[PDB]
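Take a look at this one chain, the form solved without the partner chain, written out in C-alpha cells.
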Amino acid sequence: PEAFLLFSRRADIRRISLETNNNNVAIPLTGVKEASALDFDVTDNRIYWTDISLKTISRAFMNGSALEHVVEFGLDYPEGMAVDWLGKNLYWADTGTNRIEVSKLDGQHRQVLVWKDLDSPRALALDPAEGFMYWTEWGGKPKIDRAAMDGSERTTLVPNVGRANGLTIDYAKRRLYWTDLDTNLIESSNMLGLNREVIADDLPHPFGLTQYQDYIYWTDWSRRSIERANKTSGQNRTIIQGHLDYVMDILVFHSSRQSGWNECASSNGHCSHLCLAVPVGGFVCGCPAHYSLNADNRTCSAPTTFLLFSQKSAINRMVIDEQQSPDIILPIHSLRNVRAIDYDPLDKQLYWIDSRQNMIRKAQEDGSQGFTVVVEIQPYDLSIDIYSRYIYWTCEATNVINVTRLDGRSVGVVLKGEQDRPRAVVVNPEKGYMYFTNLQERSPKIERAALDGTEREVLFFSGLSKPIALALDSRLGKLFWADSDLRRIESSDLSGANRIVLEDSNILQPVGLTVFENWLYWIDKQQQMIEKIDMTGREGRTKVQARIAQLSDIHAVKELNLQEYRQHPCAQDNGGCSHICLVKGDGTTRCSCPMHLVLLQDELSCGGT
C-alpha cells in the first residue's frame, strides 16, 4: 500500500504522496470552514476531521461521499481528535470545554471521560493495543498526561515541557514523539516519559508532527513547509513541500499506522454500547453520558432521574451522582428561542416552546424523531398530562389555555375569559387540577381549576407583582412560584393553605423552578445560576452551577413507576373518554369536554354546542 501524508490548512484537507511529492490534491469535501485535527479509519478508508470554526467533528469517504457530522453539539475548540481503530471509537479533546470525550465512530453513545482538573487539553494520541491514551495540556503549567482509554488512572506522564503538540506514538518501537513550541524542538521519550531525546532543534514553531517507518514529518510555521527527518538521528532532513503557511495538522495515512489487536475482538467485547481499552490489551464496557453499567459489566441503563434546563438555543441534562458527572447538551436540531420545556417519561420525549417560530415541538433526547405538536398563536408555557396523553398550553396572543394531544390533534380550549391572561401553567392529573398564573391588569393571581376548566378558584391574589414561574410536586403536595418584581420564591400547599416565603434575598430574575426529591431548584437568568434550597430545612441554600447564559427553564424528571402509572384511571386509552379524562375530588374519574362541547349521555363522548 502506498503511504500518503494528509494535512489541514485553511478550509482544505490535502493529500501528498510520500512516493512522489509533486502529487498534491484536495480531498473532495464540502462545507468545511476551518480544517483542524485529522485522522482516518483503516477498516473503511474514511477520513475524520474537526472544524474549530463550525464547532463540529465530521467524517466522509476519501471520495467525498457519505459526508456527515458525527459530533455537532457541545463543542467549542475540538483541537485534539483520534480514531480508536480497534474498539471503533472516536476520541476528542476540547480546549474550550476542558473535556476529553469518546463516542462510537458514527457519533453514537457519546461519553465524557475526563473533565476535572483539565486545563486546555490539545493533542491526543491513542494506543488501544495497550489501553492507554496520551494528551498534551497547555494553559498554566504545561504537561503531557496519560490515562487508560476509559479515562481511569489519569497521571502526569511528562511534567517538564513547554506547550507541546503533534503527539505521536511509534507503535513498533514504543516511543512517544512531540513538538515543543516554547523550547523550539521535536523530541521523543519512551512510553513512561523517560529517556528523553531531542531529535531536531532550532524550530521556532513546530506545530504538527507525525511518524512513518524511519522518518518523522513536521510542519513549522516559521518555515512554512512540511519537512522530513530520520526519526532516530534527526539527519537526512529534506523538504516535502514548501510555501505552506499555518498548516494545522499532519497525518500519515497508511494501514501500518493502525495495526495490532485487543480483546474487544470482532464483537465490541460483547459490550452493549462502548468497548473501551484498558491496560494491558484488555477492555471495560462503557456507557453513554449519564447511563450506568449494569451488574453484568456489559449492558448499560439510561438514567432513571435527571434535571433538564434550557437556554435560548440549547437544552441541557444533568444528573445528581457520586461521580459528579458533567452536564451535557442534548443534540436537538433547530433550536432558536426555547422559552419553556417539559418531558414525557413514558415515550422518553422532550417537548418545548420555541418563541421565534411560535411552535410547540418534540424530539427524543438523542435528537431523533423530531416533530411539531402545535404550529396567530403565541405559546407561553406548556404542561403535559402524561396519563391522558395531552399538553396544556397557554397562548399569549388569544389568552386561552388550550389542550392538544401529543400527536398534534387538538382537544380544545378549557379556559378563556375576556380579562383572563393565563401564563404559567402546570397540571396535576393525580388530583385532577391545573394551576396557572393569571397576569390580569392590576391584579396578578395564582389560580387553579379542574382539568376541564370547571371549578375555577383563585388561590392567591395578594403579595404578587410578576409571578413568572410556577411548579408543583405531587408527592410533597406543594405549589411553588417565583416573582421577578418582588424578587422571591414562595410555596404553599396545593389547596392554597400554608403559604410561605422560601427565599427573598439574592434573587434577581427567577425564570424557572422545579422540584427534585427534597430540593427546590431554580434558575436566575440575570445571575446566570442554577441554585437549590432544601425543603426539609436541614441544609442551606446551595449553588449548583454558574455562568450559564440565557437560562429559560428548568425541569426535573422523576423515575416513572410503570405499575403505579398504569393504575391511573386515565392511563388506559384516556379512560375511554373522547376528549378530557380527569380525576375528581369525590374519588371518581370522569370524562369531560373542552368549552365548545358538552358530554353526551354515554358519559364518554363529547358533542357540539
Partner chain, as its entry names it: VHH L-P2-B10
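Residue numbers count along the first chain shown, from 1. Between two forms, the rigid core is defined as the largest C-alpha subset superposing within 1.5 Å.
Keep in mind the form deposited with the partner chain bound is missing from the figure; the text below concerns it.
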If contact means any heavy atom within 4.5 Å, which of 274-282, 458-466, 505-513, 219-227 contacts the partner chain in the deposited bound form?
219-227
Between the options 561, 572, 53, 63, which residue brings a heavy atom to within 4.5 Å of the partner chain in the deposited bound form?
53
Using a 4.5 Å cut on heavy atoms, which of 172, 497, 500, 375 is close to the partner chain in the deposited bound form?
375
Does every residue of 10, 69 and 122 put a non-hydrogen atom within 4.5 angstroms of the partner chain in the deposited bound form?
yes
Report yes if any heavy atom of residue 31 sits within 4.5 Å of a heavy atom of the partner chain in the deposited bound form; otherwise report no.
yes
Partner contact for residue 115 in the deposited bound form: the partner chain, 4.5 angstroms, heavy atom:
no
Residue 260: touches the partner chain in the deposited bound form, heavy atom cutoff 4.5 angstroms:
no
Considering non-hydrogen atoms and a 4.5 Å limit, does the partner chain approach residue 207 in the deposited bound form?
yes
Check each residue of 334-351 against the partner chain in the deposited bound form and list those with a heavy atom within 4.5 Å, in sequence order.
334, 336
Considering only 356, 196, 466, 405, which residue exhibits a C-alpha shift of no less than 2 Å between this form and the one not shown, with the rigid core used for superposition?
196
Large Cα shift (2 Å or above) at residue 336 between this form and the one not shown, core-fitted
no
I want to check residue 296: does it shift between this form and the one not shown by 2 Å or more at the Cα, with the core superposed?
no
When the two forms are laid on each other by their rigid core, does residue 267 show a Cα shift of 2 Å or more between this form and the one not shown?
yes
